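Engineer: Just one file: final_39.txt, with compact mmCIF, C-alpha atoms.
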# COMPACT_ATOMS: atom_id res chain seq x y z
CA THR G 1 64.48 -39.05 -53.11
CA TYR G 2 62.75 -35.68 -53.40
CA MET G 3 60.56 -36.40 -50.37
CA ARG G 4 63.56 -37.36 -48.24
CA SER G 5 65.59 -34.37 -49.47
CA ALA G 6 62.93 -31.70 -48.99
CA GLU G 7 62.80 -28.82 -46.52
CA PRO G 8 60.47 -28.23 -44.70
CA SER G 9 59.29 -31.81 -44.16
CA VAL G 10 56.47 -32.76 -46.53
CA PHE G 11 55.20 -35.59 -44.31
CA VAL G 12 52.04 -34.88 -42.32
CA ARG G 13 50.72 -36.10 -38.97
CA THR G 14 47.20 -37.27 -39.88
CA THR G 15 45.26 -37.43 -43.15
CA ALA G 16 42.94 -34.67 -41.90
CA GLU G 17 45.93 -32.37 -41.33
CA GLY G 18 47.28 -33.20 -44.79
CA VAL G 19 43.94 -32.36 -46.40
CA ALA G 20 43.76 -29.12 -44.40
CA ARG G 21 47.27 -28.10 -45.47
CA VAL G 22 46.33 -28.95 -49.07
CA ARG G 23 43.46 -26.49 -48.72
CA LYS G 24 45.86 -24.01 -47.06
CA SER G 25 48.55 -24.15 -49.78
CA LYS G 26 46.52 -22.86 -52.77
CA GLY G 27 47.95 -25.37 -55.22
CA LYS G 28 51.47 -25.32 -53.76
CA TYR G 29 51.17 -28.71 -52.02
CA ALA G 30 49.97 -32.13 -53.16
CA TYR G 31 48.79 -35.02 -50.99
CA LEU G 32 49.54 -38.63 -51.93
CA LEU G 33 46.78 -40.70 -50.34
CA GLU G 34 44.41 -43.60 -50.91
CA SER G 35 42.01 -43.13 -53.81
CA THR G 36 38.85 -43.87 -51.82
CA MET G 37 39.66 -41.27 -49.15
CA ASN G 38 40.64 -38.82 -51.90
CA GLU G 39 37.28 -39.25 -53.65
CA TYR G 40 35.41 -39.00 -50.34
CA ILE G 41 37.09 -35.69 -49.52
CA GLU G 42 36.50 -34.50 -53.09
CA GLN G 43 32.79 -35.17 -52.49
CA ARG G 44 32.58 -32.89 -49.43
CA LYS G 45 32.23 -29.15 -48.91
CA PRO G 46 33.72 -26.79 -49.92
CA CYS G 47 34.71 -29.12 -52.81
CA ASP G 48 38.05 -27.37 -53.33
CA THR G 49 40.06 -30.59 -53.75
CA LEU K 1 46.46 32.86 -71.99
CA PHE K 2 46.73 36.61 -71.47
CA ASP K 3 49.04 39.05 -69.66
CA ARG K 4 51.60 37.93 -67.06
CA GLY K 5 50.36 38.81 -63.57
CA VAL K 6 47.05 36.98 -63.96
CA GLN K 7 48.89 33.99 -65.44
CA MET K 8 51.40 33.98 -62.58
CA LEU K 9 48.75 34.18 -59.86
CA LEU K 10 46.54 31.56 -61.55
CA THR K 11 49.45 29.13 -61.94
CA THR K 12 50.54 29.65 -58.33
CA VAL K 13 47.05 29.17 -56.89
CA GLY K 14 46.51 26.11 -59.08
CA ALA K 15 49.79 24.60 -57.88
CA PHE K 16 48.83 25.29 -54.26
CA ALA K 17 45.38 23.76 -54.76
CA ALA K 18 46.84 20.66 -56.43
CA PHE K 19 49.38 20.22 -53.63
CA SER K 20 46.68 20.61 -50.97
CA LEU K 21 44.37 18.15 -52.73
CA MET K 22 47.10 15.52 -53.11
CA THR K 23 48.25 15.96 -49.50
CA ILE K 24 44.65 15.56 -48.30
CA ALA K 25 44.17 12.49 -50.50
CA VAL K 26 47.32 10.86 -49.12
CA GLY K 27 46.53 11.93 -45.55
CA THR K 28 42.80 11.12 -45.42
CA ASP K 29 41.32 7.63 -45.04
CA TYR K 30 38.40 8.05 -47.47
CA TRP K 31 39.38 6.10 -50.59
CA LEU K 32 37.27 2.93 -50.71
CA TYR K 33 33.90 2.24 -49.11
CA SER K 34 33.80 -1.55 -48.90
CA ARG K 35 32.86 -4.51 -46.73
CA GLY K 36 35.51 -6.07 -44.52
CA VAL K 37 36.70 -6.77 -41.01
CA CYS K 38 37.67 -3.66 -39.07
CA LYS K 39 39.51 -5.43 -36.22
CA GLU K 40 32.65 -9.75 -38.44
CA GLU K 41 32.43 -8.25 -41.92
CA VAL K 42 30.90 -4.76 -41.93
CA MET K 43 31.16 -1.48 -43.84
CA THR K 44 34.53 0.25 -43.68
CA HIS K 45 36.15 3.23 -45.40
CA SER K 46 39.79 2.63 -46.32
CA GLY K 47 42.61 4.80 -47.61
CA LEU K 48 46.30 4.31 -48.35
CA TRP K 49 47.57 3.47 -44.85
CA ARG K 50 44.57 2.50 -42.70
CA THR K 51 40.98 1.31 -42.99
CA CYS K 52 38.60 2.87 -40.46
CA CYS K 53 35.42 1.03 -39.57
CA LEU K 54 32.16 2.60 -40.75
CA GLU K 55 28.83 1.91 -39.00
CA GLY K 56 30.24 -1.17 -37.29
CA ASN K 57 29.90 -2.51 -33.77
CA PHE K 58 33.21 -0.96 -32.67
CA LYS K 59 33.00 2.17 -34.79
CA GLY K 60 36.13 4.24 -35.32
CA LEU K 61 38.67 1.39 -35.28
CA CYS K 62 41.19 2.90 -37.71
CA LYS K 63 43.19 -0.29 -38.21
CA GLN K 64 46.33 -0.58 -40.32
CA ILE K 65 45.92 -2.27 -43.70
CA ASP K 66 47.16 -5.87 -43.89
CA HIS K 67 49.54 -5.07 -46.73
CA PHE K 68 51.43 -8.35 -46.20
CA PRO K 69 49.09 -10.72 -44.34
CA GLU K 70 50.43 -13.58 -42.25
CA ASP K 71 48.85 -17.02 -41.61
CA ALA K 72 49.61 -18.77 -44.91
CA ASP K 73 49.73 -15.82 -47.29
CA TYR K 74 50.60 -18.38 -50.05
CA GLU K 75 53.51 -16.12 -51.13
CA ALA K 76 53.52 -14.19 -54.42
CA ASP K 77 55.56 -13.84 -57.58
CA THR K 78 58.16 -11.12 -58.13
CA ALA K 79 55.68 -8.89 -59.98
CA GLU K 80 52.89 -9.45 -57.44
CA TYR K 81 55.23 -8.79 -54.51
CA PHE K 82 56.53 -5.67 -56.26
CA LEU K 83 52.97 -4.40 -56.74
CA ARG K 84 52.12 -5.17 -53.11
CA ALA K 85 55.23 -3.30 -51.92
CA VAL K 86 54.41 -0.31 -54.14
CA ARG K 87 50.86 -0.23 -52.76
CA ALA K 88 52.07 -0.52 -49.16
CA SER K 89 54.73 2.18 -49.52
CA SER K 90 52.50 4.47 -51.64
CA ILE K 91 55.73 5.61 -53.26
CA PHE K 92 54.03 7.07 -56.34
CA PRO K 93 51.40 9.28 -54.62
CA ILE K 94 54.17 10.54 -52.33
CA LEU K 95 56.38 11.16 -55.36
CA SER K 96 53.53 13.16 -56.90
CA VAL K 97 53.20 15.16 -53.67
CA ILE K 98 56.91 15.96 -53.49
CA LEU K 99 57.06 16.82 -57.20
CA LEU K 100 54.13 19.21 -56.72
CA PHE K 101 56.03 20.73 -53.79
CA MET K 102 59.15 21.11 -55.95
CA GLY K 103 57.10 22.71 -58.73
CA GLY K 104 55.63 25.16 -56.25
CA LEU K 105 59.13 25.89 -54.96
CA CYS K 106 60.35 26.59 -58.50
CA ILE K 107 57.34 28.82 -59.20
CA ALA K 108 57.93 30.78 -55.99
CA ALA K 109 61.65 31.11 -56.75
CA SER K 110 60.81 32.35 -60.26
CA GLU K 111 59.89 35.68 -58.63
CA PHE K 112 63.53 36.07 -57.59
CA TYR K 113 66.06 36.37 -60.44
CA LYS K 114 63.47 36.56 -63.21
CA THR K 115 66.23 36.51 -65.86
CA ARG K 116 66.63 32.74 -65.51
CA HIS K 117 63.88 31.23 -67.67
CA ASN K 118 64.71 27.52 -67.34
CA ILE K 119 63.23 27.55 -63.82
CA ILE K 120 59.70 27.81 -65.22
CA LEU K 121 60.46 24.98 -67.64
CA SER K 122 61.69 22.89 -64.70
CA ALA K 123 58.49 23.71 -62.80
CA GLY K 124 56.38 22.60 -65.75
CA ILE K 125 58.36 19.37 -66.08
CA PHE K 126 57.86 18.78 -62.35
CA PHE K 127 54.10 19.31 -62.62
CA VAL K 128 53.76 16.99 -65.62
CA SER K 129 55.84 14.31 -63.88
CA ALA K 130 53.71 14.72 -60.75
CA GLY K 131 50.60 14.11 -62.85
CA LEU K 132 52.18 11.00 -64.36
CA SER K 133 53.09 9.72 -60.89
CA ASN K 134 49.51 10.37 -59.78
CA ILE K 135 48.29 8.30 -62.74
CA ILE K 136 50.64 5.45 -61.81
CA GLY K 137 49.56 5.60 -58.18
CA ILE K 138 45.88 5.47 -59.07
CA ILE K 139 46.48 2.52 -61.40
CA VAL K 140 48.50 0.52 -58.86
CA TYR K 141 46.02 1.29 -56.07
CA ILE K 142 43.08 0.08 -58.16
CA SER K 143 45.02 -3.02 -59.25
CA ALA K 144 45.92 -3.85 -55.64
CA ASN K 145 42.28 -3.41 -54.58
CA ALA K 146 41.15 -5.90 -57.26
CA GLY K 147 43.07 -8.92 -56.02
CA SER K 148 30.34 -4.07 -54.08
CA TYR K 149 32.68 -1.15 -53.46
CA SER K 150 32.79 2.61 -54.01
CA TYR K 151 35.42 5.35 -54.03
CA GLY K 152 35.47 8.04 -51.36
CA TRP K 153 36.12 11.73 -51.78
CA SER K 154 39.90 11.51 -51.32
CA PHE K 155 40.26 9.37 -54.46
CA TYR K 156 38.42 12.03 -56.45
CA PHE K 157 40.48 14.65 -54.61
CA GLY K 158 43.61 12.98 -55.95
CA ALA K 159 42.11 12.77 -59.44
CA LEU K 160 41.27 16.49 -59.33
CA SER K 161 44.80 17.15 -58.04
CA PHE K 162 46.22 15.31 -61.05
CA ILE K 163 44.02 17.28 -63.46
CA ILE K 164 44.92 20.61 -61.84
CA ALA K 165 48.62 19.69 -61.81
CA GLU K 166 48.55 18.93 -65.53
CA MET K 167 46.71 22.20 -66.20
CA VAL K 168 49.28 24.13 -64.16
CA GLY K 169 52.11 22.40 -66.01
CA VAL K 170 50.55 23.40 -69.32
CA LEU K 171 50.28 26.99 -68.06
CA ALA K 172 53.93 26.97 -66.95
CA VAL K 173 55.08 25.66 -70.33
CA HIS K 174 53.03 28.40 -71.98
CA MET K 175 54.74 30.98 -69.75
CA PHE K 176 58.13 29.56 -70.78
CA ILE K 177 57.20 29.86 -74.46
CA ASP K 178 55.95 33.42 -73.92
CA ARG K 179 59.16 34.43 -72.15
CA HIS K 180 61.36 32.94 -74.88
CA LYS K 181 59.24 34.57 -77.60
CA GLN K 182 59.59 37.93 -75.85
CA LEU K 183 63.36 37.43 -75.63
CA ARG K 184 63.50 36.59 -79.35
CA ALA K 185 61.37 39.62 -80.23
CA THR K 186 63.52 41.99 -78.17
CA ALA K 187 66.70 40.50 -79.68
CA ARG K 188 65.40 40.83 -83.25
CA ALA K 189 64.44 44.51 -82.89
How does this structure look as structure tokens?
Structural biologist:
Amino acid sequence: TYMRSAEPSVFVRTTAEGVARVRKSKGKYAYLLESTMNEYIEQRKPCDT
Amino acid sequence: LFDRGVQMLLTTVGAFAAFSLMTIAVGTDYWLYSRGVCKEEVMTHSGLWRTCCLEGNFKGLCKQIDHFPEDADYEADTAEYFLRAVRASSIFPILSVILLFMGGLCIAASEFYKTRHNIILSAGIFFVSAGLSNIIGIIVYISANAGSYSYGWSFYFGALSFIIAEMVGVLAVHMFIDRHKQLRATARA
């Protein structure tokens, strides 16, 4: 009910774009995604996630 | 410290020197030698309003400082935005400049209608407040910068302006005390 009633829209186009916007928010945005993909991105440069 | 004419001329020339130094510091882009982009990363000398590119490919590109950058600036808190706005406006160095100008105006006007003695006190207050504003401006500028580098000659020009302004304010307060002591002595006799 927060996600539906949120402006601007929090939903992303593609997982890559969501990860990029997570890197471009400086802790102001969180991405809810599959754990395996999350760990894989966490194990890549620049390791800021 | 002695006599009146030498004190008057010394205070006036000190006020003029402080005003000139502060005006140069505000108006000259030599405050911070540092690495950055002047339009890749290269040496650049920055001031209060613009950073001009030093020994770069396109030398002499005096570009305006990105006081409020775009492209996901990540916003800032009320205090951080206030500090950024103060740095961008340079309100405190300009306040120091105008207070030095007002102190010089009071000192010059003290020649006319020498009976009024509160004018020298007002000039001293103006000089002390200008020094305080210079201190605040230096502090906020350094804090904004920290958010290898060196300081150019305009930063030290502003520091010397603050020191000279405080010295001139002390001299003006001493002149006020001397005038009031002379009035008391001539009233007692």
Engineer: To one decimal place, how far is atom CA of residue K:160 from atom CA of residue K:60 in Å?
Structural biologist: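 Spanning atom CA of residue K:160 to atom CA of residue K:60 is a straight-line distance of 27.4 Å.
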Engineer: Could you check the closest approach to residue K:108 for each of K:25, K:120, K:167, K:185 and tell me which residue wins, using only C-alpha atoms?
Structural biologist: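 Smallest distance to residue K:108 is found for K:120.
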Engineer: Separation of atom CA of residue K:49 and atom CA of residue K:62, in Å?
Structural biologist: 9.6 Å
Engineer: Identify every residue of chain K that has at least one atom within 10 Å of any atom of chain G, counting all atoms listed in the file, and report the result as an NGL selection string.
Structural biologist: :K and (71-75)
Engineer: Do you have the atom CA of residue K:172-atom CA of residue K:136 distance handy?
Structural biologist: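 If I compute the distance from atom CA of residue K:172 to atom CA of residue K:136, I get 22.4 Å.
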Engineer: With distances taken over all atoms listed in the file, which residue among K:35, K:180, K:50, K:87 lies nearest residue K:117?
Structural biologist: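 Of K:35, K:180, K:50, K:87, the one nearest residue K:117, counting all atoms listed in the file, is K:180.
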